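Here's a solo chain for you in structure tokens, the form deposited in one PDB entry.
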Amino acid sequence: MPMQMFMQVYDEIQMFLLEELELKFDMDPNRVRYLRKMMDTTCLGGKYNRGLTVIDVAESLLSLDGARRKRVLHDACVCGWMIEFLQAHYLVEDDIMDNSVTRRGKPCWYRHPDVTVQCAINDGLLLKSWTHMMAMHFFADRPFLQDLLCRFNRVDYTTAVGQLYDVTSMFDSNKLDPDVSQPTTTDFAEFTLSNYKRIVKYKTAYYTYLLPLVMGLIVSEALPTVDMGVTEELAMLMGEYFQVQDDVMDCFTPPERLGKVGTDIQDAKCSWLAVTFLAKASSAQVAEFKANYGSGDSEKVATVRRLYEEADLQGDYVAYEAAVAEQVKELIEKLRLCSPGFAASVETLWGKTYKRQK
């Protein structure tokens, strides 16, 4: 049911956007078709966990005429597409920044045979523009519209700042200077857990966890009813854990299962694996890592992977997850006390996250 009404709204959104282009933007059938294809390829094919979370949060809150349930759930569907379109935008641009090769089982957008890198940058930016155009059209008469967009934009800003932390994490920040080139860091002194937690809170947690929850509360007209301090705590914790999972899968999960090929080693990413290895590694192991990290060469990449599993990273990961599960379990209860329905949706979202194989 929820996937069926979501996909119906997708066609609703797609039709508005593409007809507007024909009718008001002097667009030709060839480019309209190109953009329809761009939209489908970049926005569909995933699990829709972000978008679906908005629907479930809204559905969980309708109580605390059947025309209202219809309206609230349709609003949740549009908001769900706002986040999925936003992540579509993120993934198109990120795939360029990360020099990735596949995504969701297909080439990355920028790697598509007739998509130029210059068009791909623009296509990715069209995706974000669509998030605002859909909000403005579908929520024109909603009083929550300003708050919604104010919050969406702040989250987007936050993610961009997080992306900056990600993309500059392998350069000595003391030597960060537009006028002067600098190679990848050689001492990895900034590959700390503290610096890792910052990247991840900003690049992943706000838009992946907080935003779907907040938008669900908004379309429900239920935002002031919850503990937003507790709610943000949960989002940050779940979001960090989600990204630790992503980093671990990048290295250890066969690409066929994930739909994408991992680039973190090659890109010299400040991943969870890297910070946790270096914090506990002997000097000899750190030497090996340094001589093999941030290179395309497959044997060097295999050597890093070898180092990770020799330093018992799976030991650290099981213990991390248990510590997270513990704190998550506790915070949901704090939430349950005053917001039983919302806590239930958060609990469902956790169920989607804990020990995911994705």
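In this text, rigid core is short for the largest set of C-alphas that superpose within 1.5 Å between two forms. Residues carry their position along the shown sequence, with the first being 1.
Unshown form deposited with a small molecule bound; subsequent notes refer to it.
Trainee: Thinking of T208, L349 and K352 as one candidate spot, does the small molecule come within 4.5 Å of a heavy atom in every one of them in the deposited complex?
Mentor: Every residue of the candidate spot has a heavy atom within 4.5 Å of the small molecule in the deposited complex.
Trainee: Report the residue, out of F188, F242, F277, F139, that has at least one non-hydrogen atom within 4.5 angstroms of the small molecule in the deposited complex.
Mentor: Going through each option in turn, the one that passes is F242.
Trainee: Quick check on this chain: which one of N49, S295, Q327, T303 has a heavy atom within 4.5 Å of the small molecule in the deposited complex?
Mentor: That would be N49.
Trainee: Quick check on the comparison between this form and the one not shown: with the core aligned, only one of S282, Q146, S129, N153 should show a Cα shift of at least 2 Å. Which one is it?
Mentor: Meeting the 2 Å or more criterion is only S282.
Trainee: Do you see a C-alpha shift of 2 Å or more at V261 between this form and the one not shown, with the core held fixed?
Mentor: Yes, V261 moves 2 Å or more.
Trainee: Using a rigid core alignment, state whether the CA of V318 is displaced by 2 Å or more between this form and the one not shown.
Mentor: The answer is no, as the C-alpha of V318 shifts between this form and the one not shown by less than 2 Å after core alignment.
Trainee: With both forms fitted on the core, check whether the Cα of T303 differs by 2 Å or more between this form and the one not shown.
Mentor: Yes, the C-alpha position differs by at least 2 Å between this form and the one not shown.
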